[PDB]
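Each remark here refers to the structure printed beneath this line.
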Amino acid sequence: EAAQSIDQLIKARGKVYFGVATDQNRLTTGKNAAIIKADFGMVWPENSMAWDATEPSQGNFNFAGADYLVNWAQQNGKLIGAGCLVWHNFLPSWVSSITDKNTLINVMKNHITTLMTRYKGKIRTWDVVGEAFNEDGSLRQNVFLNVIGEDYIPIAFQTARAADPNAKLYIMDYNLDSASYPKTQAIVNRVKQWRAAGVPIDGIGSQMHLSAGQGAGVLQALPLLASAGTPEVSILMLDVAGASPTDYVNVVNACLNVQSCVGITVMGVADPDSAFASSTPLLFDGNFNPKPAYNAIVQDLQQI
Ligand SMILES: O=[N+]([O-])c1ccc2nn[nH]c2c1
C-alpha cells in the first residue's frame, strides 16, 4: 500500500528520521529487517554499544555486536545513533569500583574516545551522557558523580566532540514527560548552563517509556526541553503501555510541533521483543503486523 513508511512520511514533514533500536539478533529473526528497511530511517544498538558489552575489562573492547549493527545500517542506507557512553546502567564492576578521580576521568575518556573513534564519521547521534538526573532534579550520584564530581558531564561532552566532531552529542534521560516535573525543569536549566559554558551538548533526548495516557503531557514537555536551546531534541526509547493511538499520535505531534525535534526512535519493532511485552507497547504485534497505533501515526503524518 502507498505511503505506509513512517520514516518516509516524517521526512516529508521535514524531520530527519523515524528510528528504532535493534541489534544483530533482531535483524536475523522475525520480520525486523524487512520492517526496518521499509519503515524506519535510523537504527540504534538496543544493547551492543553498552559499556558492559563493549569494554568488559579495562581497556579491552568488544566491537563485534556494534560492528554488525553499523555495517547493516550502512548497507541498508540507515542513519545510526549510538549510546550510551556514560551512564549508570550496564557498568562493569571494574568501572564501578574505581575511586580515584583522575583514573575514572581517564577510563571514561578512553571509553568515549575508543568507541567514537572506531565509528568516526558514521554515527549521526551519540548519546554521550544518560540518566544523569535524580527525580528531584539533582544530579544522580552515580560512580562518575561520586568520584569525579559534576565535571564528568562537561568532560564527557568535550571528549566526545574531540573524538568525532561530526556527531551530534546528546544528553538523555527518562521521566522528562511532564512539563511540571522537577527532573524535566532541571535538565533544561542545567543544559542551558552547560551550553553557556561552551559544553558541546547538541541535543536532549527524551527516553519516552510511557504509561497509558502520558502522551498528552509530552505536548508540553517536549517544547520545554527544546527551550534549553540545544540545536536538536529527540524522542528516544519510545514505547507506550497499551499502545493507544492517542498516546502515540500525541507524541508524534509533539515532535512535529517542536522545530528542533529531529526525530523519534522507538524502543523496538514488535511487542514480544519488548522488555515490557505484557504491556504490548510497540507498533507491531507478535505476528509483525502493524497495530492501530502504527496506522494512526501514518494517518497523522500523511499530508498538494
Ligand atoms: O532510542 N533508543 O531506543 C535507544 C536505545 C538504546 C540507547 N542507548 N543509548 N541511546 C539509546 C537510544
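Going by our numbering, the first residue of the sequence shown is number 744, and it counts up by one from there. Where a beta carbon is used, it is the ideal one built from N, C-alpha and C, also for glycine.
Per-residue DSSP class, three states only, for residue i
i, result
"residue 952", "strand"
"residue 785", "strand"
"residue 945", "coil"
"residue 862", "coil"
"residue 995", "helix"
"residue 1049", "Here the chain has residues from 744 to 1047 only, and residue 1049 is not among them."
"residue 803", "strand"
"residue 919", "coil"
"residue 834", "coil"
"residue 876", "strand"
"residue 1001", "coil"
Residue burial classification, residue i (beta-carbon count within 10 angstroms, cutoff 16)
i, result
"residue 1050", "Residue 1050 lies beyond the range of the chain shown here (744 to 1047); nothing can be said about it."
"residue 879", "exposed"
"residue 972", "exposed"
"residue 876", "buried"
"residue 914", "buried"
"residue 846", "exposed"
"residue 1024", "buried"
"residue 757", "exposed"
"residue 1040", "buried"
"residue 816", "buried"
"residue 803", "exposed"
"residue 842", "exposed"
"residue 761", "buried"
"residue 1047", "exposed"
"residue 782", "buried"
Beta bridge counterpart(s) of residue i as assigned by DSSP
i, result
"residue 826", "870"
"residue 772", "Paired residue(s): none; residue 772 is not in a bridge."
"residue 791", "Paired residues: none, contrary to the question."
"residue 763", "786, 1009"
"residue 1033", "1027"
"residue 911", "868"
"residue 798", "BP columns for residue 798 are empty, so no partner."
"residue 882", "876"
"residue 893", "According to DSSP, which records beta bridges pairwise, residue 893 is partnered with nothing at all."
Inter-residue spacing [alpha-carbon to alpha-carbon] between residue i and residue j
i, j, result
"residue 998", "residue 957", "15 Å"
"residue 1027", "residue 933", "37 Å"
"residue 778", "residue 823", "16 Å"
"residue 831", "residue 789", "16 Å"
"residue 809", "residue 749", "25 Å"
"residue 771", "residue 836", "31 Å"
"residue 813", "residue 935", "32 Å"
"residue 1007", "residue 759", "9 Å"
"residue 994", "residue 1003", "15 Å"
"residue 753", "residue 820", "16 Å"
"residue 866", "residue 874", "21 Å"
"residue 910", "residue 895", "19 Å"
Worksheet item: Is it true that the segment 959–966 meets the segment 916–923, where meeting means three or more beta-carbon pairs spaced less than 8 Å apart?
Response: Contact holds: three or more Cβ-Cβ distances are below 8 Å.
Discussion item. Three or more C-beta pairs under 8 Å: does that hold for the segment 942–956 against the segment 968–983?
Written reply: When C-beta atoms of the segment 942–956 are compared with those of the segment 968–983, three or more pairs fall below 8 Å, so the two segments count as touching.
Worksheet item: Should the segment 891–906 be called in touch with the segment 851–864, which here means at least 3 C-beta pairs below 8 Å?
Response: The segment 891–906, when compared against the segment 851–864, does touch it at the 8 Å Cβ threshold.
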